[PDB]
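[1] As they sit in the full assembly, here are the leading chains:
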Amino acid sequence: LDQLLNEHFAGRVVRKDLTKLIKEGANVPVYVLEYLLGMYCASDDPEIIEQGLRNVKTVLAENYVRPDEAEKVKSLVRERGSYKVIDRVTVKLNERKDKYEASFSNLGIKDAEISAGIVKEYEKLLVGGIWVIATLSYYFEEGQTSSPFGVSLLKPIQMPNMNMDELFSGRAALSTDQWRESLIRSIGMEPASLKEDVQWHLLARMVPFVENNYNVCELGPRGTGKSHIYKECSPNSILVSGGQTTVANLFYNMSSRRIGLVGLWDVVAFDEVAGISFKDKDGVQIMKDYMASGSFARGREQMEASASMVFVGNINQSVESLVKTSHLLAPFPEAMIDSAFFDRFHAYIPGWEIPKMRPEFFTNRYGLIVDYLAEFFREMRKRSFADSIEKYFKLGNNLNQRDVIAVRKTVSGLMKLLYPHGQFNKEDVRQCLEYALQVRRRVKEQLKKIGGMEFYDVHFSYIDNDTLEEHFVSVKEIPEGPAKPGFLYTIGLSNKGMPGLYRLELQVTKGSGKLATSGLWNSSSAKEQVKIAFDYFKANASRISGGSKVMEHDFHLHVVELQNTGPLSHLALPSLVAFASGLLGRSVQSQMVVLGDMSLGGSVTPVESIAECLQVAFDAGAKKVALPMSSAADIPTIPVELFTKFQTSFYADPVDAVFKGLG
């Protein structure tokens, strides 16, 4: 680290614990002090550090001269011929005369003459005005139209320049994990005191600075630093507090013919999303258009913006309570509950997973300068890596086009942020892809929760191009009581043969008897089993439903796996039970377990691994199970203690199984 940090990087030698222990009770932007210490304080000698700190403070309150008596300084310039001052200076080129001019944001001189060589040396004077030390010279000739003030010496107290090849060399030299730790410590966090996944979340927090139109939301408990980070990285992020910004102010002032906030900054972050208000309703809709493409039509003209949106919000409830009672985006007001708004959220950063900010979580080694961070995030702000995954992996069929786009953008962001050199292996792509799939699947789950059946495809997966294995990522982080009709739980041996619990959800609609399947993980065996069960249900509709017509009701069944055991083949009997329950509108028994499979003729098959199935039901928190008569000979094979824990609704055939499940 320290050796690499001093060699493979410029004078970025500042703890950022130093800055907090620096006299941050004065008048200067913090990163100016940071650059000051980065040069006058190197190595690790405490004495040198303290002496450089003293020198920084002395040069600070030697030539600051606050705005009030600006003209006073001018006198010293005229009387002494030359004078030294510290100020934020901007340099512009006057095409009418080709003579570089200097504007002081503090002293108020807008036309000081500066040499062209110095202009070539420091490009950052040429972008937005940088803090520098100036040597003002006074020269007045009769009849002159130019300024009498000239700058002979300029000292770039803030930032000299950016060099991309330096970043490339540093990344190539630095190891992956060490480079990630360096990035995290550049935020001021201690990677050693923190878990890997939280560092992944911190990288996700920097992602808004490295991709265009990165619509991301983070809701979580207080103390996670979700407000501070954007407060130091403000050079290209905005912390809009309370939502006090109108569509004219935020997007485009039609009166002044000037673009809004989104057109000037690279990131905008709404703090306390619970309190934001966009006044007129129309904004929300045009908001959507921005969320759609990053470009919005106002009046007669379309403006495109490169600002990425962050939604920072505070959570007052426990995670499990909010999950079970509502959607995770509950802090969002009613103006945003619409799935038509939430759908473009590229990521939901898990603010609860972030530990509360404590001193042990703050790095003290050193770390890069946040200036370097943002100013190369500007480089990452343009380059894309969307095509990397196509060489190694393919997205599953359960993700729509928007999900694919969001995942690609998240992966490209993460990886370039972590691989400026590129490190184009397969494992890094796999890691970024799985993390993006997880964060997008949480949003997809919230979308399903809010919108009903319109987002039933939540089973995020990726297929390896070489091994053909489809890895199914699952959301991070059997309930008591009678569930709604059409929902049940079953236990079966997956294609690999271990017992697993699966949940089947049937949705009934008015229609012509069509059958729709979802969550079958591209399993033809499951599809044909469900088809056989549907044929049996249609054939025996009169006796089972007592008159309710299958031909008048449309069924859409979804299968979800909770243990990730693998695809299951045996599904005819539980699907038939779900069909009967949904058609009758009667809730199945609470904690009821349906076991076994059936033929189209109504014959029952013995439950394979019945002991392990009952063990899973014990692990599934259920108290009831239905078994066919063919499993009776397997009763002695089961230990007595486990068998006594269940009310065995021992059925004979599919019809009896349906009756026992329905009670």
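    The structure has been received and is ready for your questions. Numbering: from 1, shown residues only, chains lettered A, B, ... in the order given.
[2] all strands for the stretch 101-250 of chain A, in order.
    A:101-104, A:112-114, A:130-138, A:149-155, A:216-220, A:237-241 (DSSP state E, counting those that start in this stretch).
[3] Now mean neighbour count and distance to residue A:589 too, for the ones you listed, in TSV please.
    C-betas here are computed from N, CA, C, even on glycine. Below are the strands of the stretch 101-250 of chain A laid out as TSV (neighbours: other Cβ atoms under 10 Å; distance: least, Cβ to Cβ, whole Å):
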stretch	mean neighbour count	distance to residue A:589
strand A:101-104	21	79
strand A:112-114	20	84
strand A:130-138	21	72
strand A:149-155	18	80
strand A:216-220	24	37
strand A:237-241	19	52
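[4] Quick one: those strands as JSON lines, columns for distance to residue A:594 too.
    Formatted as JSON lines, these follow (distance: least, Cβ to Cβ, whole Å):
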{"stretch": "strand A:101-104", "distance to residue A:594": "78"}
{"stretch": "strand A:112-114", "distance to residue A:594": "82"}
{"stretch": "strand A:130-138", "distance to residue A:594": "71"}
{"stretch": "strand A:149-155", "distance to residue A:594": "79"}
{"stretch": "strand A:216-220", "distance to residue A:594": "37"}
{"stretch": "strand A:237-241", "distance to residue A:594": "52"}
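[5] nearest to residue A:31, of those strands?
    strand A:130-138 (9.2 Å; Cβ to Cβ).
[6] What pairs with that closest one, parallel or antiparallel?
    Strand pairing for strand A:130-138, determined by DSSP bridges: strand A:82-92 (antiparallel), strand A:149-155 (antiparallel).
[7] Quick check: which of the strands of the stretch 101-250 of chain A is nearest to residue A:614?
    That would be strand A:216-220 among the strands of the stretch 101-250 of chain A, by Cβ to Cβ, at 40.0 Å.
[8] For that closest one, enumerate the helices and strands it packs against.
    Packing partners of strand A:216-220 (3 or more Cβ pairs under 8 Å, 6 or more residues apart in numbering; DSSP states H and E): strand A:308-314, strand A:347-350.
[9] Look up how far residue A:353 lies from residue A:401.
    29 Å (Cβ to Cβ, to the nearest Å).
[10] out of these two, which sits in the busier spot?
    Legend: neighbour count by other Cβ atoms under 10 Å for residue A:401 and residue A:353, higher for residue A:353 (16 against 7).
[11] residues contacting that one?
    Applying Cβ atoms under 8 Å, 6 or more residues apart in numbering to residue A:353 gives the contacts A:197, A:198, A:201, A:220, A:476, A:477.
[12] Chain B comes next; put it on the structure above:
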Amino acid sequence: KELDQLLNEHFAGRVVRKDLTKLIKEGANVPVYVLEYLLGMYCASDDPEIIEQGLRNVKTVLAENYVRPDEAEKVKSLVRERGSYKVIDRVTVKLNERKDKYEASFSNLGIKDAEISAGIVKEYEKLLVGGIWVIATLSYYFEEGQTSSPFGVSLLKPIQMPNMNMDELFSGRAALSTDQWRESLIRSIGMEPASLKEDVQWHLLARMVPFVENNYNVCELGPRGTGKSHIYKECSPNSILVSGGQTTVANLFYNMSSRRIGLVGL
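    This next block brings in chain B, placed alongside the chains you saw above:
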């Protein structure tokens, strides 16, 4: 495969495999047509390696250009001491009667009166329509009281589409059968005619019909997910999509205050 070779020969430079664009139609500050032109000229037929290398070249070039407005002034300064800094930029060029000199305007950099030789404009054209994304190697010279911006275009290449060559259609159309032309038009949207019933292809063509008839009022209504939203917002740059329904007769038709025609005129 015969259709692919017909498209490559008869419509050379005007046909590209649309799938590739979907690969990189995200994560940039550049419109789709720029890439849609940046792939047809490096990807020859179906070569994987050449296609990937072309992607690399496009990415590398883009990683150097379309410089953001914020540092605009900055680049000009470098210009004064080194000169040539070719940039991908949306450029609009106008003819000044008094000056008799084409007067290029940069949408991003803010330069409004750069000079371009008539030789450059007469070939490329499409600059004098609405401004297009082009690469510009810029030429510079300062003169006392030049009464003009010391900004000039030494070299240019249209990163967008050059002029149209209508004739190529007719003969090209004579080279394809009716159903083949129908399938080609459907694949031009990126749809699969083989995966779609012929009547649905008729309906998809009916979707494109509004773009060849003046005042062709049409109504499409249906369940979500029919692609009616993707079309008319990315299948055309000369058509506009209105979302939300919030419009004024001033914006759509004519603003009596500004003496300006509404959206219907642009």
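[13] What parts of the stretch 151-266 of chain B come near chain A?
    For the stretch 151-266 of chain B, the residues in contact with chain A (Cβ under 8 Å from any Cβ of the partner chain) are B:151, B:240, B:242, B:243, B:244, B:246, B:251, B:260, B:262, B:263, B:266.
[14] In helices, which of these fall?
    residue B:251 (DSSP state H).
[15] ok, so of the residues of the stretch 151-266 of chain B next to chain A, who is nearest chain A?
    residue B:244 (3.6 Å; Cβ to the nearest Cβ).
[16] Could I get the contacting residues of residue A:243?
    Taking Cβ atoms under 8 Å, 6 or more residues apart in numbering or on different chains, we find residue A:243 in contact with A:270, A:272, A:273, A:275, A:276, A:277, A:278.
[17] Look up phi and psi at the residue located most distally from the centre of chain A.
    The centre of chain A is farthest from one residue, residue A:142, which by Cα atoms, centre = their mean lies 63.0 Å away. Phi and psi for residue A:142, reported as degrees, to the nearest 10, are phi -60, psi 140.
[18] Would you mind measuring from it to chain B?
    22 Å (Cβ to the nearest Cβ, to the nearest Å).
[19] list the contacts for the residue nearest the centre of chain A?
    Compute the mean C-alpha point of chain A, and by Cα atoms, centre = their mean the closest residue is residue A:347, 3.3 Å away. Residue A:347 is in contact with A:204, A:207, A:216, A:217, A:406, A:410, A:436, A:439, A:440, A:443, counting by Cβ under 8 Å, 6+ apart.
[20] Could you check which residue of the stretch 151-300 of chain A lies nearest chain B?
    Nearest to chain B, among the residues of the stretch 151-300 of chain A, is residue A:285, at 3.6 Å (Cβ to the nearest Cβ).
[21] Compare the residues of the stretch 151-266 of chain B next to chain A and tell me which is most surrounded.
    residue B:151 (20 neighbours; other Cβ atoms under 10 Å in any protein chain shown).
[22] Next, count neighbours for the residue nearest to that one when sequence neighbours are not counted.
    In space, and not counting its chain neighbours, residue B:151 is closest to residue B:114: 4.1 Å by Cβ to Cβ, 6 or more residues apart in numbering or on different chains. Using other Cβ under 10 Å, the number of residues around residue B:114 comes to 24.
[23] just checking, residue B:114 touches residue B:106?
    Yes: if you go by Cβ atoms under 8 Å, residue B:114 and residue B:106 touch, sitting 7.0 Å apart.
[24] include chain C as well:
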Amino acid sequence: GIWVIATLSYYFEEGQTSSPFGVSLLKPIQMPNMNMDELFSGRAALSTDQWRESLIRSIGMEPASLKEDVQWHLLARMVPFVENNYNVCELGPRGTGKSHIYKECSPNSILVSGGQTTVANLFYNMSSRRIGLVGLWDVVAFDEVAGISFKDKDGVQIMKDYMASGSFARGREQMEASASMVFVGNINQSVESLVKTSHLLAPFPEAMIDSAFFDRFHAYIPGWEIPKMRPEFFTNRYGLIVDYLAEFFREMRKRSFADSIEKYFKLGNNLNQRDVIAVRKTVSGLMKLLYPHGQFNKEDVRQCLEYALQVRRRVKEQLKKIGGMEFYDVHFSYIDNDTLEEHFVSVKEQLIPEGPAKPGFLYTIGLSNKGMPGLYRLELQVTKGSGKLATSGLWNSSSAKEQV
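    Alright, chain C goes in next:
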């Protein structure tokens, strides 16, 4: 612009464009100039207690007629004139001259009253594109904090942002200011009655009483401890020119003394980042006022550390009373880098309360690690949860944690 006697002369020539009036002799009735090192020489020359007495004379107060802690309160009153963006509140009974110091002890300080205080006038006039009072003065003080108001509904949050960091956005542009925020208020009740049935800042109106904002204060000056102003408290000796002290505070504001702490007495773990910043800034201001030349010892750091850890602990316990769960961390841990002795400071505000307490609170008596009996109070809060136990206030005692 300084009041002067001018010997104006008239000389007119035909065709001239300059004024015919010429100034031959000038008599600077206000003040010629000021050498920075001139005060430093005297500061190095004189002792610390003498320096504090001279500063007290500079207000016109008699240090001999007042207590040492009263002199410390007056020094805290001076601190806003020396610290940039120094958010401070003084609330107390009438007769302590709270508004006198911000009205007549500095021409670089403004005492705003009336309460209308529009954000256009106060902060930025978007119509005129011009800065408000905060950009032109050095010490802005709301008198009659009870009577303050805000026409713009967002003005409160603008104030919160300004005191959080001396730079606030304005519609579409972030402006900044260096004027120190002062809140002067009158108390109509006895100290105990007011602070027991409510919080200290009860005179502050409901619209701005809150968890934050009140957080942003760098000091609460306990105005009740100051006696009512009497002629016996008024000095008649030599005193520094109020212009001289004001301009000295002018060049002092660009200095800071926050970094002497790290070489010396440490700080505790119960203070959050905001508490750390507030105490560092207050300590810095006290050193600037008392040791502007920079010659000081470690006990000199102690002198201001104790007073800062007291004044900020007062605000900490007020925020505790206001908010509950977030701000029980009031145990201000005074620590040393050398002795490692963990001292503690308790505000004079801070045996067993009578009557039936709310359930979950009790009192115990035990032999501390030093072996003498002592009284402790345990407060238990019950919440809906999963049986988790959280402990605090144990002063990192592992044996106590194990017994709990």
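[25] so, what packs on strand A:216-220 revisited with chain C in the model?
    strand A:308-314, strand A:347-350 (3 or more Cβ pairs under 8 Å, 6 or more residues apart in numbering or on different chains; DSSP states H and E).
[26] Okay, now the sheet partners of it, with direction.
    strand A:308-314 (parallel), strand A:347-350 (parallel).
[27] how about the shortest one: buried residues?
    Which is strand A:347-350. Using 16 or more other Cβ atoms under 10 Å in any protein chain shown as the test for burial, strand A:347-350 gives A:347, A:348, A:349, A:350.
[28] between those, which is nearest chain C?
    residue A:350 (19.2 Å).
[29] Could you give the bridge partners of the closest one?
    residue A:219.
[30] quick one: it and residue A:439, what's the gap?
    8 Å.
[31] what's the answer for residue A:530, then?
    When residue A:530 is compared with residue A:439 (using Cβ to Cβ), they lie 32 Å apart.
[32] Also residue C:170?
    35 Å.
[33] residues making contact with stretch C:383-401?
    Contacts for stretch C:383-401 (Cβ under 8 Å, 6+ apart): A:318, C:328, C:329, C:331, C:342, C:369, C:404.
[34] residue contacts, the fifth one?
    Shown here is residue C:342, whose contacts under the criterion Cβ under 8 Å, 6+ apart are C:268, C:333, C:334, C:335, C:395.
[35] quick one, strands of the stretch 51-200 of chain C?
    Under DSSP E, counting those that start in this stretch, the stretch 51-200 of chain C gives strands at C:88-92, C:109-112, C:124-125, C:130-131, C:139-142, C:167-169, C:174-176, C:180-186.
[36] which stretch of helix or strand covers the closest residue to chain A within chain C?
    Nearest residue of chain C to chain A: residue C:256, at 3.6 Å (Cβ to the nearest Cβ). For residue C:256, there is no host helix or strand (DSSP states H and E).
[37] contacting residues around it?
    A:23, A:25, A:26, A:57, C:284, C:288.
[38] So residue A:173 is in contact with residue A:4, correct?
    Yes: counting by Cβ under 8 Å, residue A:4 is a contact partner of residue A:173 at 6.6 Å.
[39] circling back: of all the strands paired with strand A:216-220, which lies closest to residue A:376?
    Among these, strand A:308-314 sits nearest to residue A:376 (Cβ to Cβ), with 15.9 Å.
[40] got the CA positions of the closest one in CSV?
    The C-alpha atoms that make up strand A:308-314 are tabulated as CSV, following Å, rounded to 0.1, in the frame of the first residue of the first chain:
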residue,chain,number,x,y,z
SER,A,308,-27.4,10.6,-12.6
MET,A,309,-30.2,10.5,-10.0
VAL,A,310,-29.9,9.2,-6.4
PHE,A,311,-32.8,8.9,-4.1
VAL,A,312,-31.6,9.0,-0.4
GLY,A,313,-34.2,8.0,2.2
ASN,A,314,-34.5,7.2,5.9
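[41] Thanks a lot, catch you later.
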